[PDB]
Structure formats: structure tokens, C-alpha cells
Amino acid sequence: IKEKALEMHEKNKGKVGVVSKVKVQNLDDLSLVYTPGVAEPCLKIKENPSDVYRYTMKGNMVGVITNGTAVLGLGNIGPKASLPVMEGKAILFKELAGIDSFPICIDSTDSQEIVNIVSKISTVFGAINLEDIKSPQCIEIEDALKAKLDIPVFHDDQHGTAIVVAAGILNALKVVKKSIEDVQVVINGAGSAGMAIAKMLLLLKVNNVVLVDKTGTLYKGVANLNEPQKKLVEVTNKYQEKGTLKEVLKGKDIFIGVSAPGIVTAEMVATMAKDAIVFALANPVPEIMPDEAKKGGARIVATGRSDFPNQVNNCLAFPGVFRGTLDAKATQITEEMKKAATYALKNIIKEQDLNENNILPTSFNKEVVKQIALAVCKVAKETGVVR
């Protein structure tokens, strides 16, 4: 309900407050939380610069940095209007994985300016969560900061998406008894989230993925790919298929839509392979209803909806992703760490309890952050990507 939301925000002027982690009411402790006390850790950090991580909030602090240019489904609406979302993201870090988070909203659509600016304010952050930025812009920024900064940088709306998606896919294949190295996938929308699902599947040795945009699939020599679309045309659609979604969906095991509402029909689901897997994650109106999906013959349907039986939820991955990432002092959130965050999530469900309505856990299950963290941590230490 609208009014219920608005009231909530108005109620306390925001969701995000700061507390003191130590106590101070007099002059004694004052000279320790401030001068001349504060001088002593400052000189420590000056001597050994890594000592930031023991006299400071840094190592439990994740920055939630944004642009405003892609806010939920509201798109480019600016830094002010995105603020409530960023505040909301911060307190979820806090409530789900006991993480201190703070929102920074940046007023610039220039990649290089945003890169530089975030890189210059990294002192206080133990990790960066990038949120609600425009594809393709979000990629170069993520990539630029990732090779620039010595702390973990992570675009949740694309990499966090793929973790839950790949989790739900792996679980769904066990159901219909198929293996992901044998199956032909179609992803509608070559934007941020489409892009990254493609990556996380190729990361999983998918047999073949085809990306489709609002104009047709993407193949070598397509008119106008953005720079990341181009790099992805190389790895995807091996058999070099061309044409519209209607034509291309024909014969596929998995449809994954992150694009639009109601662009897929029941007829279209009938053309897909037996035991079809349909993921209609467009929001709020998915590209097809599970009703019309099961009518076409879909064995499994996931959506981005809470009311519907199989919810792809972003709060499944990011709290546990950052938890182990921080818990490990990881300098980086690598691909293998993503890969490990997927399996851990897919394994909350026992394998004895898998259904066509039990491919993903509940988004609040405390055992999700715990296991995703342990696996994200376990590989960080192993691989070396650790302070």
C-alpha cells in the first residue's frame, strides 16, 4: 500500500540513523573518543596503514553508491529521488547480515567523474555496493572501479541478480532431470541483468545461451551493440541464430525474461522443449503469468513476485555475499566467489525437498546468509584474494 509506505518514511525522516558504538557523556571518555585520545590510533594508521581495519569502522562498512539513473523500474530520476531506495538498501545490509551500510548518491552521469569520485571517497568503506545505474554505463564504472580499488566492488542489480537466477536454474534442472551443459537458454533483454545472467551461466558451462533485445537476438554483425553487448556476442549464441523472440524461443529448454510485460504467450511456451522452464522476472507485470505459462506446458515457472510460487529475490544473495566477503577480508569479489554464492544458495534446499514449487529458499531464512557467507569466505581464503 502506497500511503503505508509514505507514512513510514515520513514517520522518522528516513530509515537510516547513526549510533555511537562507544559511550560518552563526560570529559573522561571524551578525551578518548576525541582529543588527545584519537591521536593514538591515527598515528597507528599512519605507521601501518592497514591498521585502518582495527581502529575504525571500515572493515564492517559497505557503501551503497548510486546515480539515480536506473531506480527500480523508475529509471533515470536523479540522486535525490533515489535516496529512499539507497537508504532502504543500507538497512537491509544491517538487518539481514549485521552490516553497517551508508548511502552515497552521486550527481553526475559521467563515467570517469563517477569512477574518480568514488575512488576518492573509499577511505571509509570496506566494500562498495553499486546500485541502480544505467546499462551500459554501469558496466564501465563497475569495471573501472574494480581494477582501481583495493576493496570489493559489486553491482548487485546485475551480479546479485545472476546469483539468484543461476541458483534457481540449477535447482530447476534437478527437477526436470536435465543438466545445464546440455540445455539451450534464451534471455530476453540484453541490458544489465540480462548481460550478467549470461555471464554467470557461461560461468557454469552452459551449453548455449541466446540473448535477445527489443529488436531481435544478438549475433555477430548486429547493427549497434554497446561495447559489452559486443563482447558477449562472442561467447553467446554459438549457432549464430538470428531473428525475433517468437522464432528463437522455439525449441529452447529455458526462457529467462528480464525485459517487459506480456511479450510471451502460451503458444510460445508450447514451442519450447518438454519440461519447459520459464522465468518471467519483469516487474511488476511479468512477461507472462504462471497460469498462461503452465497452460503452454511449462513444468517450472519463476517470477519476481511475492504472491507467486517461485520468487527470484535479490535479498537472497547480496547480504550473504558481502557477509563472507567482509568476514574474509576479501580484497575482491571474484567470479569463483560468485560461483560459490550460487551453489550455497541452491543448496539451502535439501535436494530431497525440491519441487516445481521449491527451487528457491525463503528470502528471510537466516541460514541463507550464513551458508552463502561461509562459501564466499571459503573460496576467498583458498584462492588468495584476501588481506
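All residue numbers are counted from 1 along the displayed sequence.
Participant: If you take the mean CA temperature factor per stretch, which one wins between 118-126 and 229-237?
Facilitator: According to the entry, 229-237 carries the higher average C-alpha B-factor.
Participant: State which stretch shows the higher mean Cα B factor in the entry: 218-226 or 194-202.
Facilitator: Higher mean C-alpha B-factor: 218-226.
Participant: Highest recorded C-alpha temperature factor, please, choosing from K134, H155, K274, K80.
Facilitator: Across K134, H155, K274, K80, the entry lists the biggest C-alpha B-factor for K274.
Participant: Of the options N67, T334, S31, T325, which has the highest CA B factor as deposited?
Facilitator: It is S31.
Participant: Which third of the chain does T265 land in by C-alpha B-factor: lowest, middle or highest?
Facilitator: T265: CA B-factor falls in the highest third of its chain.
Participant: Mind checking which third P319 falls in for C-alpha B-factor across the chain?
Facilitator: Lowest third, going by the recorded CA B-factors of the chain.
Participant: Grab the CA temperature factor for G63 from the record and place it in the lowest, middle or highest third of its chain.
Facilitator: For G63, whose C-alpha B-factor we compare with every modelled residue in the chain, the answer is the lowest third.
Participant: Taking only the Cα B-factors deposited for this chain, tell me whether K294 sits in the lowest, middle or highest third.
Facilitator: Within its chain, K294 is a highest-third residue by C-alpha B-factor, going by the deposited values.
Participant: Could you tell me which third, lowest, middle or highest, the C-alpha B-factor of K177 occupies within its chain?
Facilitator: Its C-alpha B-factor belongs to the highest third of this chain's values.
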